[PDB]
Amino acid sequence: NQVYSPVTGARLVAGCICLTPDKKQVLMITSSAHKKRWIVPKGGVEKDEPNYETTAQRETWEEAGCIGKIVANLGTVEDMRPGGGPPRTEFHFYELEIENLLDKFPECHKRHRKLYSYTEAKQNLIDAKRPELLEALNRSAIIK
């Protein structure tokens, strides 16, 4: 039920850089694969979905119980990895303004969630070994 690139054959994923009204803090969730690594909400595009905004906002709700307004398109980043060969993932990110953070959401028992300063969020994605996600974060309007 997943969607792949007709060029690279890379898996199409969409996610959100969820920033507060003041643009000081960003919403991070713990990885499911590894419980101590901090990432941002994102997930596979599905066949029915008409655009990437739909995937982004769906995954943002499921993984982080975040509701908000998409204010910007941060373009794409790739999971370019060791050796040669095409990327495995093509990520489409959007900046979202956090309107509401719900206590309950589909994966609130599988993950932790917390607002971080730019400084600490940058360290977390390094620690998490996800510089593609840090690229996307740096494209946002976060204060540093």
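Only the largest set of C-alpha atoms that superpose within 1.5 Å between the two forms is called the rigid core. A residue's number is simply how far along the shown sequence it sits, counting from 1.
Across the superposed structures in 7 other deposited structures of this protein, aligned by the core, the stretch whose Cα atoms lie more distant on average is 73 to 81, chosen from 73 to 81 and 58 to 66. Averaged over their C-alpha atoms, the temperature factors of 52 to 60 and 97 to 105 are higher for 97 to 105. For the segment pair 71 to 79 and 34 to 42, the entry gives 34 to 42 the higher mean B-factor, averaged over Cα atoms. Among all modelled residues in its chain, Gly9 ranks in the middle third by Cα B-factor. Annotation for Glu132: C-alpha temperature factor in the lowest third relative to the rest of the modelled chain, per the entry. The deposited CA B-factor of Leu115 belongs to the highest third of values across its chain. For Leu125, the recorded CA B-factor ranks within the middle third of the chain. Only modelled residues enter the ranking.
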